[PDB]
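The structure appears below as structure tokens.
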Amino acid sequence: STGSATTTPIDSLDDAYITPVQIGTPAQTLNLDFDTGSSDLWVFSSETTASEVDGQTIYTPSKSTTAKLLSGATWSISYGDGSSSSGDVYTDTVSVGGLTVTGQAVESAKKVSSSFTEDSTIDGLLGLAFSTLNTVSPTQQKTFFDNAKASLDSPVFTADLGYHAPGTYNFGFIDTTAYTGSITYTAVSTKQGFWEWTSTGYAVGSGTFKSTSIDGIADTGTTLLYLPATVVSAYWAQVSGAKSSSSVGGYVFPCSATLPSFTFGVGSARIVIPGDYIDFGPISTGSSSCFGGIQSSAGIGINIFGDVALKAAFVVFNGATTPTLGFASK
């Protein structure tokens, strides 16, 4: 089997991407944030505290003839931006782009933090990291991909995120028309539960490539590119007036600037992030200070190849017995 679904930016800045997901019988379609950095499929639901729902579409298990309470199971998750959610668990039928999993754990939110409430466009998350990170207790549950894997034509999914445009998530096949040149594959460590890999270095604009190992994660659920302070300083030093602002919470730059590109290494291959991808616009409405899309990972504890990086490539998440990551230009 295979599946193919379109993923769409939630706003004009590509702050996140939503992908329609069919849950239950008859189908209830929710727009979920596919997140290769976590491993819980959770939704706004009929159980979510009413004051914490503001415009989201909810899953109502009592209206699904295939929903079954997973008795005794609870979940609770916290993300790197300080947001969180928690609740109980149902199993139900879940389909993405024509690919159907029966008995998928659907984590029903009883509580969500303010950031989720305030984002009316995201109805929940669909985790695509390794199932070892799944938070369901006392019986850990598998991700949608893990459950689908054996049925897929090939044990892979691909992320093809657009810049200010829709893109695609495919399951079970590689669309050879969706990228240019060849795909360069690179080793993955699953020791921390992530799609963790090591970039071979970077360049700023038309500058020379610096060979240096940068360990990080391929994370579709993180907006920006978070790299070591040395790398980030080298980037922003090429932008007149750019500075790190503790009051804003990162690097800002004059909105009048033309940003240089940023290149990252994948083995001997190179992915180029155009300067425009690094512009996240005014820090507040009307401001002439703009927020940068490359930020320091210092104090996160991990480097994160988020959407800013991933949307510059066609990315293969290879879930074979020894997982790997592939990157191609597009």
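Quick note: the coordinates plus some simple rules give every number you see, no bench work behind them. For neighbour counting, all protein chains shown are included, and Cβ atoms are generated from backbone atoms with ideal geometry for every residue, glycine included.
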Table column - 3J(HN,Hα) (Hz), region 162-167, Karplus curve with 6.51, -1.76, 1.60, x for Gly and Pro:
x, 8, 6, 6, x, x
If you take the alpha carbon radius of gyration of region 175-330 and divide it by 2.2 N^0.38 Å, what ratio comes out, to two decimals?
1.04
In whole Hz, with x marking every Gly and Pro, tabulate ³J(HN,Hα) for region 64-74 from phi via Karplus 6.51 cos²θ - 1.76 cosθ + 1.60, θ = phi - 60°.
10, 6, 10, 6, 9, 4, 8, 5, x, 7, 10
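Placing unit charges on C-beta atoms (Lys and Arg positive, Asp and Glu negative, everything else neutral), compute the dipole magnitude of the chain about its Cα centre in debye, rounded to 20. Numbers along the way, then the final one.
On the way: 12 positive and 26 negative charges, 133 e Å.
Charge dipole, the chain, about its Cα centre: 640 debye, nearest 20.
Expressed in nm², what is the orientationally averaged projection area of the convex hull enclosing the Cα positions of the chain?
On the way: hull surface 65.4 nm².
Taking the Cα atoms of the chain, their convex hull projects to 16.3 nm² on average.
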Excluding residues on the same chain fewer than 8 positions from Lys210, give the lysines whose Cα lies under 21 Å from its Cα.
none
Gyration tensor (Cα only) of region 10-144 to equivalent ellipsoid, semi-axes in Å sorted down, yields 20, 17, 16
Of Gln141, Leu161, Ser115, farthest towards positive along the dipole that unit charges on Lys, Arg, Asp, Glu beta carbons give region 92-163:
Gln141
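Taking the Cβ of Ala328 as the center, what net charge do the other residues with Cβ under 12 Å away carry, scoring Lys and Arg +1 and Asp and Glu -1?
Around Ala328, the charge tally is 0.
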Normalising by the residue count of the chain, find the relative contact order in percent from Cα pairs under 8 Å and 6+ residues apart.
19
